[PDB]
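> Sharing the initial chains of the complex here, in place:
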Amino acid sequence: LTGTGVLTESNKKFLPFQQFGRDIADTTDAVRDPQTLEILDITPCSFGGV
């Protein structure tokens, strides 16, 4: 999955079959980094509109 943004660490637990997760709007809530098992989620560069 390709994107633009910042990456923030998190401790969201996941089911055994899928380390990757999807949000309730089916957006990627968190995708696990391949080399490092730490949970890393995408946060936009643009926060709530100024």
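That came through, no problem. Numbers count the residues shown, from 1 in each chain, chains lettered A, B, ... in the order given.

> Could I get the CA-only coordinates of stretch A:21-40 as PDB?
Listed next in PDB are the C-alpha coordinates belonging to stretch A:21-40 (Å, rounded to 0.1, in the frame of the first residue of the first chain):
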ATOM      1  CA  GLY A  21      -6.200  -4.300  10.100                       C
ATOM      2  CA  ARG A  22      -9.000  -2.200   8.600                       C
ATOM      3  CA  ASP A  23     -11.000   0.600  10.200                       C
ATOM      4  CA  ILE A  24     -14.900   0.800  10.400                       C
ATOM      5  CA  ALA A  25     -14.800   3.000   7.300                       C
ATOM      6  CA  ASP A  26     -12.600   0.200   5.700                       C
ATOM      7  CA  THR A  27      -9.700   2.700   5.700                       C
ATOM      8  CA  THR A  28      -6.400   1.100   6.700                       C
ATOM      9  CA  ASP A  29      -6.400   1.800  10.500                       C
ATOM     10  CA  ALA A  30      -3.000   0.200  10.900                       C
ATOM     11  CA  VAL A  31      -0.600  -1.800   8.800                       C
ATOM     12  CA  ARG A  32       2.200  -3.700  10.500                       C
ATOM     13  CA  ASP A  33       5.700  -2.800   9.400                       C
ATOM     14  CA  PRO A  34       7.400  -5.800   7.600                       C
ATOM     15  CA  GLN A  35      10.800  -5.800   9.200                       C
ATOM     16  CA  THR A  36       9.800  -4.400  12.600                       C
ATOM     17  CA  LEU A  37       6.900  -6.100  14.400                       C
ATOM     18  CA  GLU A  38       5.800  -2.800  16.100                       C
ATOM     19  CA  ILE A  39       2.400  -1.600  15.100                       C
ATOM     20  CA  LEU A  40       2.600   1.500  12.900                       C
END
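
> Drop chain B onto that structure:
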Amino acid sequence: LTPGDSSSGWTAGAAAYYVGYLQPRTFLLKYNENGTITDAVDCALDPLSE
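That brings us to chain B, laid onto the chains above:
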């Protein structure tokens, strides 16, 4: 005690197995904080269910 070829001599415990048939249907699925399915609604099951 009885010979193998005859039906007798193959005694086992009393076990009952269920068989159902799948028909195409549309089911809403409810997940939970941890990510496991807890409740479902079948549309054809009831007018309330619809």
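
> Chain A contacts on chain B?
B:34-36 (C-beta under 8 Å from any C-beta of the partner chain). For the C-beta atoms, the positions are set from N, CA and C on the backbone; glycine is no exception.

> swap the cut-off to 10 Å and go again
Residues of chain B lying near chain A by C-beta under 10 Å from any C-beta of the partner chain: B:31, B:34-36.

> Just the closest of those to residue A:21, please.
Closest approach between the residues of chain B next to chain A and residue A:21, by C-beta to C-beta: residue B:35, at 8.0 Å.

> What separation do you get for the closest residue to the closest one other than its chain neighbours and residue B:6?
Leaving aside its chain neighbours, residue B:35 sits nearest to residue A:15 (5.5 Å; criterion: C-beta to C-beta, 6 or more residues apart in numbering or on different chains). Separation of residue A:15 from residue B:6 (C-beta to C-beta, to the nearest Å): 51 Å.

> Could you do residue A:39 as well?
In this view, residue A:39 and residue B:6 are 63 Å apart by C-beta to C-beta.

> Let's add chain C too:
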Amino acid sequence: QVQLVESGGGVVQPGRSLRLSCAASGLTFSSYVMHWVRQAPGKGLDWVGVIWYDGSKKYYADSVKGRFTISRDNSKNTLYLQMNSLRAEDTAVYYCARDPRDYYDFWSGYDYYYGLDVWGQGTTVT
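Next up, chain C placed on what we already have:
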């Protein structure tokens, strides 16, 4: 419907050779111990021999010695028996019978003997 077919009968010249063979319908011929029973004209039944599921152990009765050989062919579904000589024993009717005692039945510590369940049609040996 289980049926064992006898063959190789008829009166021949007495001595030195005679062919017997017993077939078996279905695919349950192999792995079942089989015995040959000869019916005397007026003296009751008698024994010939016994062969196991694989033929490793074979045993013969005391009535005849050194004249009988028993073998089973798995593919042809027919068991073969041979008499190397023909003695004064004439007009004897030979049956082939299947006994359900399988390898597993004597493999288990249990010491059990079943009965000769199904028999053949019979044949004439002179």
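
> mind listing the strands for chain C?
Applying DSSP state E to chain C gives strands spanning C:6-7, C:19-23, C:34-39, C:45-51, C:58-60, C:68-73, C:78-83, C:92-98, C:118-119, C:124-125.

> Residue A:46 is nearest to which of those?
Ranking those by proximity to residue A:46 (C-beta to C-beta) places strand C:68-73 first, at 84.4 Å.

> What residues of the closest one count as buried?
Within strand C:68-73, the residues that count as buried by 16 or more other C-beta atoms under 10 Å in any protein chain shown are C:68, C:70, C:72.

> And for it, what's in contact with it?
Here strand C:68-73 makes contact (C-beta atoms under 10 Å, 6 or more residues apart in numbering or on different chains) with C:20-22, C:24, C:29-30, C:32, C:34-36, C:48-55, C:58-61, C:78-85.

> Next, the buried residues of stretch C:88-99.
C:93-99.

> Could you list which of those also contact chain B?
Among those, the ones lying near chain B by C-beta under 10 Å from any C-beta are C:98-99.
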